[PDB]
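**Student:**
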Amino acid sequence: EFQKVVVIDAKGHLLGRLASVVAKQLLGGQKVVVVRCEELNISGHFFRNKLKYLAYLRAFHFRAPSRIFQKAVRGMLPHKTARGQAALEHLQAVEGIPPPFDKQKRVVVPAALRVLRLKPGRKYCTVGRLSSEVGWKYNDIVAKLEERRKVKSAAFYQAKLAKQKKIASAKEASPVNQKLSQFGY
Amino acid sequence: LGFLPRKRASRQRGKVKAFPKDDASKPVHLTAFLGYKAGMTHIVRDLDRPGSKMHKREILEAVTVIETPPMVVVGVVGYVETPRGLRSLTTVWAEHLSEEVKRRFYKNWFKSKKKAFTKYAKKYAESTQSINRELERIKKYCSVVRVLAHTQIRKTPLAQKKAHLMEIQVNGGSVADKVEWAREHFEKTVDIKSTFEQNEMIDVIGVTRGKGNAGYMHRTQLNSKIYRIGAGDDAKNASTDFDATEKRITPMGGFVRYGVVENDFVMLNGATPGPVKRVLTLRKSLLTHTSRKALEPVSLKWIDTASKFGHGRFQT
RNA sequence: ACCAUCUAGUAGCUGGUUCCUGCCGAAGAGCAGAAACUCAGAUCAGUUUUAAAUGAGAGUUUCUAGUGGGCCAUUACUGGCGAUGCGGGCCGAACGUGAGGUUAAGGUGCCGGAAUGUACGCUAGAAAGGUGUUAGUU
RNA sequence: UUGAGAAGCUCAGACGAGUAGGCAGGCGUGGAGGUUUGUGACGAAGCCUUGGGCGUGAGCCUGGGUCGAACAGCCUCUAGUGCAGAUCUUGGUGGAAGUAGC
RNA sequence: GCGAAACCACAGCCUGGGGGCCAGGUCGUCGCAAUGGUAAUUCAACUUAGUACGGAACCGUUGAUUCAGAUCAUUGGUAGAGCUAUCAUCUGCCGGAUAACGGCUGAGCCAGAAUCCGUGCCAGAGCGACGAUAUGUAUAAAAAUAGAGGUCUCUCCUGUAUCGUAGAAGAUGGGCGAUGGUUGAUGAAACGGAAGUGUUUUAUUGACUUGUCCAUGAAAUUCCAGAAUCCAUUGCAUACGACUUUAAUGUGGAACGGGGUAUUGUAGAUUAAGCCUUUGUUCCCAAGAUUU
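First to last, the sequence lines map onto chains A and B. Numbers 8 to 192, taken from my numbering, label the letters of the first sequence in order. Numbers 986 to 1301, taken from my numbering, label the letters of the second sequence in order.
(1) Quickly, what does DSSP pair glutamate 1111(B) with across the bridge? List them, please.
(2) According to a CB-to-CB cut-off of less than 7 Å, which residues of the region 102-117 of chain A neighbour chain B?
(3) Can you have a look at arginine 1263(B) and say buried or exposed, based on whether 16 or more other CB atoms are within 10 angstroms of its CB?
(4) Between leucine 152(A) and chain B, is there a C-beta pair that is closer than 8 Å?
(5) Is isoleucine 1153(B) closer than 8 Å to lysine 1147(B) when the C-beta atoms are compared?
(6) Expressed to the nearest angstrom, what Euclidean distance is found between the alpha-carbon atoms of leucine 137(A) and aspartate 16(A)?
(7) Tell me whether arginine 155(A) sits in a helix, a strand or coil according to DSSP, three-state version.
(8) So, using beta-carbon positions, are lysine 1269(B) and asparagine 1198(B) closer together than 8 Å?
(9) Any chance the region 1056-1069 of chain B sits against the region 1117-1137 of chain B, with 3 or more Cβ pairs inside 8 Å?
(10) Using a beta-carbon distance below 8 Å, is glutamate 1066(B) in contact with chain A?
(11) Using 8 Å as the limit for Cβ to Cβ distance, is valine 149(A) near chain B?
(12) How far does the alpha helix (DSSP H) with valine 29(A) in it reach, from first residue to last?
(13) Using the beta-carbon count (16 or more within 10 Å), is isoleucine 174(A) buried or exposed?
(14) What's the call for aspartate 1228(B), buried or exposed, on a 16-neighbour Cβ count within 10 Å?
(15) Of the residues that make up the region 52-68 of chain A, which ones have a beta carbon closer than 7 Å to any beta carbon in chain B?
(16) Where does the unbroken alpha helix (DSSP H) through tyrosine 60(A) begin, and where does it stop?
(17) Where do the ends of the alpha helix (DSSP H) carrying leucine 1280(B) lie?
(18) What's the gap between the Cα of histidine 20(A) and the Cα of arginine 121(A)?
(19) Assuming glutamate 46(A) is part of the alpha helix (DSSP H), what are its boundary residues?
(20) What does the alpha-carbon distance come out to for the pair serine 1179(B) and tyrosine 1091(B)?
(21) How close, in whole Å, do the beta carbons of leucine 1265(B) and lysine 1022(B) come, if the pair is a contact with beta carbons under 8 Å?
(22) Mind pulling the beta strand (DSSP E) runs of 3 or more residues that sit fully within the region 59-108 of chain A?
(23) Name the two residues that bound the continuous beta strand (DSSP E) containing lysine 1173(B).
(24) Mind checking who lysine 38(A) pairs with in its DSSP beta bridge?
(25) Report yes if the C-beta distance between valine 1283(B) and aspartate 1031(B) is below 8 Å; otherwise report no.
(26) Any beta-carbon of chain B closer than 8 Å to the one on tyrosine 192(A)?
(27) Assign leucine 1143(B) to one of three DSSP states: helix, strand, or coil.
(28) Compute the Euclidean distance between the alpha carbons of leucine 58(A) and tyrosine 131(A), then round it to the nearest angstrom.
(29) Mind checking which residues open and close the beta strand (DSSP E) that includes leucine 1133(B)?
(30) Using the beta-carbon of each residue, which ones in chain B are nearer than 8 Å to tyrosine 131(A)?
(31) At which residues does the beta strand (DSSP E) containing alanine 1167(B) begin and terminate?
(32) Using a Cβ-Cβ distance under 8 Å, would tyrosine 164(A) count as near chain B?
(33) Between the beta-carbon of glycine 142(A) and the beta-carbon of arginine 70(A), is there less than 8 Å?
(34) Would you kindly work out how many angstroms separate the C-alpha atoms of residue 1311(B) and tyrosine 1212(B), rounded to a whole number?
Encoded structure:
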């Protein structure tokens, strides 16, 4: 099932797997937005990606986690062609969750999840912490904003669940739900 | 290098890259002073300090005069902290404005129909609830409050009648305290002498003096020793502990290319980048220095008011 | 020195040498054709068995053009390059114009067409040292 | 059954790189003879054309515009017959450039 | 004003691999900071201390060396002003993470360098605030896979789920049961600041209602398609642009008339020129042109 706009929570996803999934979607005409890019995970110890980046530091050197992921997708696209540049403009990778996107459903990619792809006990790095060490200086405020949004969203879920309780109780109250329940619904 | 590459500062005001670290525990105040680089004088400062080689030695060094006194403090500007940087949440000044501020907000004030903040002043006065609602939003949303403050270019003696507006953030104080201080200082004239006495090392900044085919580059004089506030309006601008006699900081018969500052100056022992009448950017130190030499104040014994242009020794 | 003929002086040489399609086609005495004859009731073969199998119709006299370089690789030989484009990146494959099907080599995370297939395993990767690791021998 | 341009028509199967080199068939130009009861001031030739068509091609046919006096197909004859280049010859025209410069 | 010539396949961003091949690199004001650069260095003396053990070291203090950035009060130079002088003066830091190396438990932590990254300083490419002027586009908790949520108990093991889904592309009526549901337009009040441009509560008004059951119509589409600038003016600026000013009926500015101011100098003249300043005077004033 495909639609025009998807929001992907990047927490617990591997950088390469998620970018490759994202890149294939973009070339298919699907507008993709990736949020919480600083919770992205990378296989290997912290120093390994750290020496990878400082080698890259030794071209514009960008430190933000959202633009770290954007570079990963960019190498997986035909950027030299008008088709690739069109696809890239369809991708909006952001850190944290902007308010326009926190009120919408967020899907996850099972083929890219770290839990389903990394053996337990394997060391893994986080893009947010790696970026914060190479020059990024906004993880304090991003983390603080995350708590406020998480608190507000948690209250919304409680309100949604409380409203759900009434209809859930009224479901079995009506005898129609049990009159012809043989249909499987 | 650090200062390299050379580039003259286009803005006359010395836009400060950073400001002193605000803390809500400290009282709501400011950390800037709008100087004007009036002139200089050999304010002999008796460095009364045991152990020091120059013990009680009158330091007849250049007290770089920088006209800095009552500057129009219009209002405040909200500043919310965002993941993409610091964003200005709002900008709510006071209802009362000035012709100099209006002249600054435009380029042909006399040619213009003086429409600068025409309905805005009416909205600020009549629709005070909307201003209060925006102020309430600023106090509840903005992380920092940039207290808007113009200058007295038209008020003080100067050809330029465009008030140098400065978004001087409220140094210290809580959100309510900063708003209350801004409300108290609404449509007021922030005095640099009131902000600081300029009797010790300061963090004066600003562009240099334009030499010709260079200069006028934004600089920051770290630990800029300030002798005393050169109150040009008062006859005792250069009057000191030993000099006294209501000495004028300006040279006898007017300072070279600057005359006598109509208001208080920021006369500082040492150098200060900027030519005569060139607006300075004196400010408080971003960091803290508890050095004994900085802590120990050099007693300003005598000063120089000689008609330097001419008889460089005729004090009277 | 100049001027006019001789003079279109002397060429192993330099540079150039004008439409199309088709067919055959090297070399790098031999190799390629044309006529004439003699022909499955004829002899042959870059082949193999033995001390016949299998494929192919076999030849001749005559003339008449072109060439008698070198390079690469395995073991002087052998191929390949050279007159040869196409798929992959040496391997594969000998090419009229197309439709469809299927493949070789190489591939199927994305760029990139194609399984982020299934299953079993080890942990930078495509002379000896290590109190680093995993399976075994004495 | 009409399907002999017997140089015609018809059936089948295989095959298709190509330098030197060999063989064959064709396209084009100037002039010659014959021929088309050929074309032409109701417009020849030439030239222009995002108009159309035919041939694998060399090329040919054509609509429209321009033009104003001659031209072509077919069968043979003939040759000063086909160009992208020769630091080719002649003429024309560029960028350099309104530059160097007076 | 006149005016060539040689030359010219074609053209002009770097790295690597085999100069084009392959793979990469409306105006104006006040602010934000992606990114790039970066800076401080060394020595001496005193106090420690003639102490610890003949003779230190920690800390602190006073100063100097080199370098960097500024300034002309004073002094010198330059012919008063301006310029300028390691010939003059001022200024030039603290956080994190580390190496070697030493520890803690027994990998994960601590201590740890003129090292590295930040604070600060310099430049500001992308942006903020403010002033005047498309086929039903459905679905919002957090964290873990060697555990969470809800009330000692229960659930997860994907959304193949949930909400909406019949109508001449959605017509025209009647009955039964509840105060429903979907909305369009007004009127509001509460919430949303990270890019809040959206969430509710509603008070009405105008509709539909398939909640249920009946009554008419569809057809021959007879098999898919009001400012800115120029002119003028300011000198905080200046090779020219640009900048700071004013500059478009009043501290209006511009000029002088000057005064003050000083120089040289033997009091005088210049008398601000980048000395000040004017109860002094006159002149003129978007005045036009031009762009939005």
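Yeah, the Cβ is synthetic: ideal placement off N, Cα and C, and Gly gets one too.
**Tutor:** The answer reads as follows:
(1) In DSSP, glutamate 1111(B) forms no bridge with anything.
(2) Using a CB distance below 7 Å, the part of the region 102-117 of chain A facing chain B consists of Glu102, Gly103, ordered along the chain.
(3) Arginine 1263(B) is classed as buried because its beta carbon has at least 16 other beta carbons within 10 Å across all chains shown.
(4) Yes, its Cβ sits closer than 8 Å to a Cβ of chain B.
(5) Cβ distance not < 8 Å, so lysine 1147(B) and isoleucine 1153(B) don't count as in contact.
(6) Cα to Cα, the separation comes out at about 19 Å.
(7) DSSP, reduced to helix, strand and coil, places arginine 155(A) within a helical segment of the structure shown.
(8) No, they are not a contact pair.
(9) Three or more pairs of CB atoms, one per stretch, sit closer than 8 Å, so the region 1056-1069 of chain B contacts the region 1117-1137 of chain B.
(10) At least one chain A Cβ lies under 8 Å of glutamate 1066(B).
(11) So yes, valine 149(A) belongs to the interface.
(12) In the DSSP assignment, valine 29(A) falls within the unbroken alpha helix (DSSP H) covering 22-34.
(13) With fewer than 16 other Cβ atoms within 10 Å, it is exposed.
(14) With 16 or more other Cβ atoms within 10 Å, it is buried.
(15) Per Cβ criterion, the list is empty.
(16) Taken as a continuous stretch (DSSP letters only), the alpha helix (DSSP H) holding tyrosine 60(A) covers 53-64.
(17) Where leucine 1280(B) is concerned, the enclosing alpha helix (DSSP H) stretches over 1277-1280.
(18) When rounded, the distance between both Cα atoms is 5 Å.
(19) The continuous stretches of alpha helix (DSSP H) do not include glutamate 46(A), and DSSP gives it neither H nor E.
(20) Their backbone Cα atoms lie some 29 Å apart in a straight line.
(21) Between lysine 1022(B) and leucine 1265(B) the Cβ distance is about 5 Å, and since that is below 8 Å, they are a contact.
(22) DSSP runs (the beta strand (DSSP E)) wholly in the region 59-108 of chain A: 98-100.
(23) Where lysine 1173(B) is concerned, the enclosing beta strand (DSSP E) stretches over 1173-1176.
(24) Within the DSSP secondary-structure output, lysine 38(A) pairs in a beta bridge with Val12(A).
(25) Yes, Cβ-Cβ distance for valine 1283(B) and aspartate 1031(B) is below 8 Å.
(26) Closer than 8 Å: no.
(27) Residue state, collapsed to three classes: coil.
(28) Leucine 58(A) and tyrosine 131(A): Cα-Cα distance of roughly 14 Å.
(29) Where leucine 1133(B) is concerned, the enclosing beta strand (DSSP E) stretches over 1129-1134.
(30) Chain B residues near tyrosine 131(A): none, gap ~24 Å exceeds 8 Å.
(31) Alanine 1167(B) -> not in any beta strand (DSSP E); alpha helix (DSSP H) instead, spanning 1160-1169.
(32) Output row for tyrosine 164(A): interface = no.
(33) Yes, the Cβ-Cβ distance between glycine 142(A) and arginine 70(A) is below 8 Å.
(34) Coverage of chain B is limited to positions 986 through 1301, which leaves residue 1311(B) absent and any answer about it impossible.
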